[PDB]
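let's see this in three dimensions:
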Amino acid sequence: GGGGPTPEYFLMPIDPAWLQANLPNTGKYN
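Numbers count the residues shown, from 1 in each chain. Structure as follows:
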């Protein structure tokens, strides 16, 4: 989760919101 480049499973940060951030913008981070 978050908002930036690179897929979420590189680092796995504690964003709780991304799971229903229902724009085409799941699965990446900052």
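
just the strands in the chain please.
Listed in chain order, the strands found in the chain under DSSP state E amount to none.

how about the closest residue in space to residue 16 that isn't next to it in sequence, what does it touch?
Nearest residue to residue 16 in three dimensions, chain neighbours excluded: residue 1, at 7.7 Å (Cβ to Cβ, 6 or more residues apart in numbering). Bear in mind the C-beta positions are built from the backbone N, C-alpha and C, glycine included. For residue 1, the contact set (Cβ atoms under 8 Å, 6 or more residues apart in numbering) comprises 8, 13, 15, 16, 17, 18, 19, 21, 26, 29.

any idea how many residues pack against the first one?
The reference is to residue 8. Counted with other Cβ atoms under 10 Å, residues neighbouring residue 8 total 15.

my guess is it contacts residue 14. True?
No. Here residue 8 lies out of contact with residue 14, judged by Cβ atoms under 8 Å, at a distance of 11.4 Å.

the closest residue to residue 5 other than its chain neighbours pairs with what?
Nearest residue to residue 5, sequence neighbours excluded (Cβ to Cβ, 6+ apart): residue 28, at 6.5 Å. Taking DSSP bridges as the rule, residue 28 bridges to residue 7.

hang on, isn't residue 28 packed against residue 8?
Yes. With the criterion set as Cβ under 8 Å, residue 28 and residue 8 qualify as a contacting pair; they are 6.0 Å apart.

now list whatever residues contact both of these two.
Here residue 28 and residue 8 share the contacting residues residue 2, scored by Cβ under 8 Å, 6+ apart.

hang on, isn't residue 11 packed against residue 5?
No. Taking contacts as Cβ under 8 Å, residue 11 lies outside contact range of residue 5: 11.6 Å.

selecting buried members of the contacts of residue 1 in PyMOL, what would you type?
This is how PyMOL selects the buried members of the contacts of residue 1, with burial counted by 16 or more other Cβ atoms under 10 Å:
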select buried, resi 18+29
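
residues in contact with the residue nearest to residue 5?
By Cβ under 8 Å, 6+ apart, the contact list for residue 28 reads 2, 3, 4, 5, 6, 7, 8.
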